[PDB]
Every structure is written in C-alpha cells, then in structure tokens.
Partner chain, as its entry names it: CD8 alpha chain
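Listed next as structure tokens is one chain, alone, in the form solved without the partner chain.
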C-alpha cells in the first residue's frame, strides 16, 4: 500500500433512508478507522474512538456539529436542486460527498473532493487547476456556481493544509491503536459435499488491513478454482478474509493455506 496515512470524510443524503432511519449521515475515517459520526436525527457530531475523545474538548465537537449541521442543510436543499435538474420528482435519490487527504510513502501529499448523484459521478474537484470537473451536463450549473468567488481557493487550502495538519494530529493521537498489529487467527475447514471437496481458509481479526492469502498444492501456489471474498470488517476495527478452493475428495492433505501479513514475522502455513 502506497499510502501511509489517510483522512477521509464522507456523507450521504437520501430521500428514502428507510423507516425511522436518518436521511443524512456523515462519518470520518483515519487510516480506514471510523473516528467520528453525525446524522440528521442525533444532530450531533460525536467521537467514535477513545483516542479522539481523549484529545478533543467540547468546543472541538461543537465546531464539528456546526459544520455537520451546515452540510446537512446544504444537502437538504441539494436533494431538491438535483432532482429538479434531472427533471425528477419523488422516488429514491441520493447525494454523496467524499473528500480528504492522503500522506503517501515518501512524503507526497494527495487531496480530493468529489460528489455523486444516485451513486454515479456528478462532479469532482481538480485542485491542480482549481476548477471543478463536471461528469455530466447536469453538473455544469454546479461547476459554474463553485468556480465563482473564492470557494475553490478555500477548498484547495483545506485539502493541502488544514486537512493534512489535522491528519497528522489524529495519527499522533491514536498511534498506539492505529500503529498496532493484530495477529490473524486462522481456520481451515473442508466440506465434502458434492463429488467436490471445497477447502476454506479464514483469517480472523488481523490488523492492519493489507493481507495476502493463498492456496498451495504440493507446495506450489494454486490458482485454479480459487475464490476470494476480499477483506471485510469486524466490529472492533480488525478485519476478516476468506478464500476457498475446489479440490478432489481425498486430496485434502495436499493443500495448505498461506497467510502473509505484517503481524507475522514469517508467512503462516495452515493445513486442514
């Protein structure tokens, strides 16, 4: 992974949340870990990690709350504005915002801010040229709006300075958690089931996210009929992944799951 640290804020506005569900939700991640949350019901920006709560005061959260309530306001109008521009009424629609900064592996800094309507690219900031990139004709009026005045200047300033400044603080605040390594606990299972042996390898509770899980046959990497579920989250911030492979019944002994992860000094080999 090229990126060393990341700060990402996202938000969602919807016309059809579901019954009793908040129509607006915003959250923030540091190095992929959820550290703050707000929604249109609670109406409060709140801490989601101990290390953030331990290093912030009430005025900090009042400011985040104020910012979130403003973003909610903007989105409340937004849903209408964009429906109008797409000549739509009622139905299920969404507005999504995603922005933040990345500190890569040699000191390089990245900054982004992009929006989507009904889960499709709508518009994205191009801080290099200080313009906004319209994905569709319906975004042109927004582009025009945003390129007026000093809005673009402020957004660039936030992404390149403010965002980074705070990312480095957060990374400092929670380095004990964020910089830790949790060992995976692995299970290999087999199911005999239909003239086909299906072997399964599961790595439970590893951290950080990056991991490499492979099936070996007779010592050699394999390849065919391997299926992976990718990396999925646990409730506690650690991660989970499962890989399966189809084999011929009785060949169980020939297979090994191989796990490569930062927490392990040497790749782990697991048999059924």
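By rigid core we mean the largest C-alpha set that fits within 1.5 Å across both forms. Positions refer to the first chain, counted from 1.
In this entry, the higher average B-factor at the C-alpha atoms falls on 151-159, of the pair 151-159 and 92-100. Taking the mean C-alpha B-factor of each stretch as recorded, 193-201 and 174-182 are not equal, and the higher mean is that of 193-201. In this structure the maximum Cα B-factor among 228, 36, 41, 234 is found at 228. Sorting 86, 132, 117, 112 by the CA temperature factor given in the entry leaves 86 at the top. For residue 222, the recorded CA temperature factor ranks within the highest third of the chain's modelled residues.
In the PDB entry, residue 137 places in the highest third of its chain by CA B-factor. Compared with the other modelled residues of the chain, the Cα B-factor recorded for residue 256 ranks in the middle third. Ranked within its chain, residue 121 lands in the lowest third, by CA B factor from the PDB record.
Among the modelled residues of its chain, residue 245 has a C-alpha B-factor that falls in the middle third, as given in the PDB entry.
In what follows, reference is made to the form deposited with the partner chain bound, a form of this protein that is not presented.
For residue 254, no non-hydrogen atom is located within 4.5 Å of the partner chain in the deposited bound form, even though that partner is not displayed.
The partner chain in the deposited bound form comes within 4.5 Å of a heavy atom belonging to residue 214.
Proximity of residue 4 to the partner chain in the deposited bound form falls within the 4.5 Å heavy atom cutoff. Although the partner is absent here, residue 226 lies within 4.5 Å of the partner chain in the deposited bound form, judged by heavy atoms. Once both forms are overlaid on the rigid core, the distance between the two CA positions of residue 224 between this form and the one not shown is 2 angstroms or more.
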